[PDB]
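Listed next as structure tokens is one chain, alone, in the form deposited in one PDB entry.
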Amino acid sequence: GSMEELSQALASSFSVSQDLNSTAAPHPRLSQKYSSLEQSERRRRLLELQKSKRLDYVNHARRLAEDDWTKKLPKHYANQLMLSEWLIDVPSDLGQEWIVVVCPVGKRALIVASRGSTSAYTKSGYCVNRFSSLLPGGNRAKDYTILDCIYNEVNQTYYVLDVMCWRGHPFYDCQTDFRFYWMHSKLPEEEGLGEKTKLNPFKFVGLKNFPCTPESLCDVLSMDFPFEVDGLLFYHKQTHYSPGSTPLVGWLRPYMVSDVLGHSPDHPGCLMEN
């Protein structure tokens, strides 16, 4: 009756951002609607065919870097990160045309190193930390840096997931295999970016990516990672960096992969003086 209809209306037709297969909600397989969809292959082709490059990522990387403000690009620090959808419609060409990045439990953040310091922002553009870093533009006006990271609490390490701007050059207009390549050649030789120091309190470490071949998937699924694993992101090799959600990257929890194709109380730990 009217309760069940209400309940089904609230669940399936109530959204502020209205995007498809959002990881904000559980995998659509566990939800016998309208902002979900079983189709992704098509929307993917369109979006790649769409990468004709008409936005000025030069001027936008600059605005983030200098806090100077105002489809259409996001103004301010919210909505800067490119967001996956659930991996639902698996790419028929997955093993040759995509990579998977193992992901840590931590917070996702936009990192902006500019004008002598570094800032981290949530998806909602909430500044979680301002600090010194050895990122170009982080410290010690042409060199600003912009990253996509997951901050892991236990290791005090910002795990870098993607680059959008390095040494003052925007990378949005580049394919992700290139982006990923650039990341793992540039990070390894910035003095001590991966090391904890007064000038670099937080360590930055690039996450590894791996092929999506059937054998590979089994191996990374048997690897040991320096962190607690949250999930796997699947990137299409050819996708530009575009803030907002997209089907060009997909999200799976680890357990999902194997399905799709594979005398009283207390005592001290510190024993100082009582």
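Take the two forms, superpose them, and find the largest set of C-alpha atoms that agree within 1.5 Å; that set is the rigid core. Residue numbers run from 1 along the displayed sequence.
The form deposited in another entry exists for this protein as well; it is not shown, and the discussion that follows is about that form.
Rigid-core fit between this form and the one not shown: of 221, 233, 47, 207, the one residue whose Cα shifts 2 angstroms or more is 47. Compared with the form shown here, the Cα atoms of residue 25 and residue 40 sit 3 Å or more farther apart in the other form.
If you compare C-alpha positions, residue 48 and residue 101 are 3 angstroms or more farther apart in the other form than in the form on display.
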